[PDB]
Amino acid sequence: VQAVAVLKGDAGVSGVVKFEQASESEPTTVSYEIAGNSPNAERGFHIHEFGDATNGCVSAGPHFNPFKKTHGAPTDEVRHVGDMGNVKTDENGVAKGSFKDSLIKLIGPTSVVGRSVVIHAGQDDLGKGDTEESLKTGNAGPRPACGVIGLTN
């Protein structure tokens, strides 16, 4: 199964995030290319609950968290299903890469098809901050760009 989200916004940030998952129990491969970010930085990257674009990136809602866990790093056992950590940007403000994830799925009751991908303007503290907010959003800040995840082939 393949899916894709086209990230758009009014802040100079844009990109494309592709997803591929063979079967429900297998890892989903997430690959991305995002331009216009601050250079030489780390930016929060997550799947948000709703694929609602009626109000910029605000209507995407919170991090997708069907299991009601706290915000964490992708490698943490305790994390939101949608937690993809930080993406590193180069000297030109480009973030490009790919990784495998076993919580994110394109098949089943937790499918992210129809939800949203959000790239943040700040660094995700991975739930390790001194705040209640750290455990919610990772203090990743603003949402310069986002896109609804659609099914493709």
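All residue numbers refer to positions in the sequence shown, first residue = 1.
When the mean C-alpha temperature factors of 7-15 and 126-134 are read from the deposited coordinates, 126-134 comes out higher. The PDB entry assigns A73 a C-alpha temperature factor belonging to the middle third of its chain's modelled residues.
Among the modelled residues of the chain, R43 sits in the lowest third by CA temperature factor in this PDB entry. Annotation for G61: C-alpha temperature factor in the lowest third relative to the rest of the modelled chain, per the entry. When all modelled residues of the chain are sorted by CA temperature factor, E33 is found within the highest third.
Sort the modelled residues of the chain by CA B factor and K96 lands in the highest third.
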